[PDB]
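A closer look at the structure
In case you want the letters, here they are:
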Amino acid sequence: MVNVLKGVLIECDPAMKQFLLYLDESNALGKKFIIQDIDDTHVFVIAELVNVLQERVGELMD
Amino acid sequence: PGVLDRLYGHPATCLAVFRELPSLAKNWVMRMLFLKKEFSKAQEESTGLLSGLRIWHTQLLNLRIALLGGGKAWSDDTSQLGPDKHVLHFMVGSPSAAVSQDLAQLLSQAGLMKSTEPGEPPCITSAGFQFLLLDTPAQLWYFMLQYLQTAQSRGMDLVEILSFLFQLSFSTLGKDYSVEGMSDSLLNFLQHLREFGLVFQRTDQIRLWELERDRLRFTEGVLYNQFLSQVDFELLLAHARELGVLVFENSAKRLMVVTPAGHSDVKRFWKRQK
Amino acid sequence: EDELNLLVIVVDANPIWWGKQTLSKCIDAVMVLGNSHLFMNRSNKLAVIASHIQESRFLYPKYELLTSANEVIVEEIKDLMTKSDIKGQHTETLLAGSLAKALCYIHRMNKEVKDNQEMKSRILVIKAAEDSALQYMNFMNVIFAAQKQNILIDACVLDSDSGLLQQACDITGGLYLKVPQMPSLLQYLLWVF
């Protein structure tokens, strides 16, 4: 089962903010690169480099 | 009078018994201090002997004058003993003892100037690795050594003392780290150095804990694992992450799991052997 | 330092010291204490008296004098050691006599000082011995004189039971301490009073 590995960052956000990131992912310019996938409602596989952006954008956004 | 040797003897016995491993000696040594002491002490085991050595000079503070001179006489013996002996605990003991002899003003500046012990304090002072505890006794020794010289007219030691200058790099480090304790020790060295030789030398805050919390926000740096060949290899590789305590998440119906970066390598090794 | 201060130390010589086992150390400690006391202020003076079994005697009479004080004390005590009044041959000591001597000295020093300003004095007793009924009138006479004089009599009982001394401190408004651990003598002298 050690078939495949992928370095990624695991984000453990709340059931409120997660969809916000998704929204960040789409309807965005130079984006949609951001989320690898939604593993759980709470957790997402995302970014790497994008994490700095996702966090900052969330901050700036309401 | 006969009682005197007996009573104090019992505490000599107690210190002797739990002499080796820890730091039992300090309290008992003090009691022992009051009641050729140095010559006789020398035979006894080093640790504890040094402890007694340390506190006795401190304890001195007419007949007292006689005592100091007597101590001065065998300052060399302790000094010979100090070197040669030279853990952090031991190291603390050797400088603490040296420091104590220094305040007494019994030690000969010459002799001290050319001795390994002075090199050793700045050596530990230089190295980043030494702990805060070693640092404070090392620092104190230096301060006391300089304190001892109330002249510098005739004090070769106030040359080697200059070895403080070497410390600045160490202070730069220490500063880089948030080690306030170390820095304070440095300042004491500087201030003391200047002192000896000065003549010769020319609500509202509620938003501030919230602004601190704005600098912390979570995610983890991570490996994901997928496309696992059969369930036994998820469960082995998963249980071997869970005992390593670096599972961030798991879902057995996905055959998918997550490890933070610090145990990527123990997983990469277990994936290769079994 | 403005006020001249005389501290008289009465040392109980009794052979009870034998029980102590040691006199030599006791003297060394007392000397250290005196040196500190004299060093604290220019105006401090010290007088030392020995209350022996047979009689009271003056060991010594400023800090500059300390070297003199040390020699005078060592020599004086050695003379005292004599066999008579040996061990508990005589349980008591002549404290009344010692106190009388102390008050006389304090008075004389005071008169000279009277020419000048006021003097403050206190008496310290290092007590090894036991009190006796015969002693009551004489001791109390001296004690009461001190109280009237407003001279505190402090007492450090290394051992034995001198009730009169305990009473003496109470009347005098002085301090009385029965020392547990006699080897801690130096600490008591410095700390206690």
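Thresholds applied
Residues numbered from 1 in each chain as written, not as in the entry; some residues may be left out. Chains lettered and ligands numbered in written order. Part of a larger assembly, values for the part shown. Heavy atoms only, no water. Helix = DSSP H or I, 4+ residues; strand = E, 2+ residues; numbered from the N terminus. Rg over C-alpha atoms; globule rule 2.2 N^0.38 Å. Buried < 20%, exposed > 50% of the residue type's maximum accessible area, 1.4 Å probe, protein only. Areas by Shrake-Rupley, 256 points an atom, 1.4 Å probe, with all protein chains shown as cover. Patch = residues over 30% accessible without salt bridge, like charges linked within 9 Å, V, L, I, M, F, W, Y side chains within 5 Å. Salt bridge = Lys/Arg side-chain N within 4 Å of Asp/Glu carboxyl O. Pairing = 2+ DSSP bridges. Axes fitted to C-alpha atoms, helices over the stretch in contact; angles between N-to-C directions. Disulfide = S-S within 2.5 Å. Contact = heavy atoms within 4.5 Å. Buried area = accessible area lost by both parts, 1.4 Å probe. Arc of directions from axis to C-beta.

- This entry, as listed in the PDB, derives from cryo-EM and reports a resolution of 8.6 Å.

**Looking at the overall build of chain C**
- Looking only at helices and strands, chain C has 7 helices and 6 strands in total.
- The helix and strand sequence of chain C, counted from the amino end, reads β-α-α-β-β-α-α-β-α-β-α-β-α.
- Relative to the 2.2 N^0.38 estimate, which gives 16 Å for 193 residues, the radius of gyration of chain C is 16 Å and therefore close to what a compact globule would have.
- Overall, the C-alpha framework of chain C stretches about 45 × 35 × 30 Å when taken along its three principal axes.
- A burial count over chain C gives 51% of its 193 residues as buried.
- Total accessible area on chain C stands at roughly 9,800 Å², and carbon and sulfur atoms take up 58% of it.

**A look at a nonpolar patch on the surface**
- Together, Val87(B), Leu88(B), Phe131(B), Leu132(B) and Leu133(B) make up an exposed nonpolar region whose accessible area comes to about 470 Å².
- Here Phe131(B) lies in the loop between α9 (116–126) and α10 (132–148).

**Details of the sheet that holds strand β2 (residues 44–51) of chain C**
Residues and elements named next belong to chain C.
- What the 6 strands build is an open sheet, ordered β3-β2-β1-β4-β5-β6; its pairing is mixed. Two strands in the sheet have a free side with no partner beyond their single neighbour: β3 (56–60) and β6 (176–178). Averaged over all neighbouring strand pairs, the angle between strand axes comes to 20 degrees, with direction disregarded.
- Relative to strand β5 (residues 153–157), strand β4 (residues 119–127) is paired through 5 bridges, and the arrangement is parallel. Considered in β5, the bridge of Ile123 is made with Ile153.

**Here we look at the state of the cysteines**
All names here are of chain C.
- Applying the stated criterion across every chain, the model contains 0 disulfides over all chains.
- With no disulfide of its own, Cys26 lies closest to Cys156 among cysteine sulfurs, the gap being 11 Å.
- In this structure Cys26 comes out as buried when scored by relative accessible area, which is 11%.

**Comments concerning the interface of chain B and chain A**
- Of the residues lining the interface, 24 residues belong to chain B; the matching set on chain A comes to 19 residues.
- In this assembly, chain B packs against chain A so that about 1,900 Å² is buried in total across both faces, 59% of it on carbon and sulfur atoms.
- Contact with chain A buries area across many residues of chain B, yet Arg217(B), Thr219(B) and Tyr224(B) alone supply 33% of it, more than any other trio.
- The interface formed by chain B and chain A includes 2 salt bridges.
- Note that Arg217(B) is salt-bridged to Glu59(A), the shortest N-O span being 1.7 Å.
- When residues of the side of chain B that touches chain A are traced back to their parent elements, those giving at least two are β1 (220–226) and α15 (231–242) of chain B.

**Things to note about helix α12 (residues 168–175) of chain B**
All names here are of chain B.
- Among the residues of α12, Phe170, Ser171 and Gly174 are the ones counted as buried. Mapping the buried residues of α12 onto a view down its axis gives an arc of 100 degrees, with all of them on the same face.
- Where α12 is buried, its residues contact α9, α10 and α13 (180–195).

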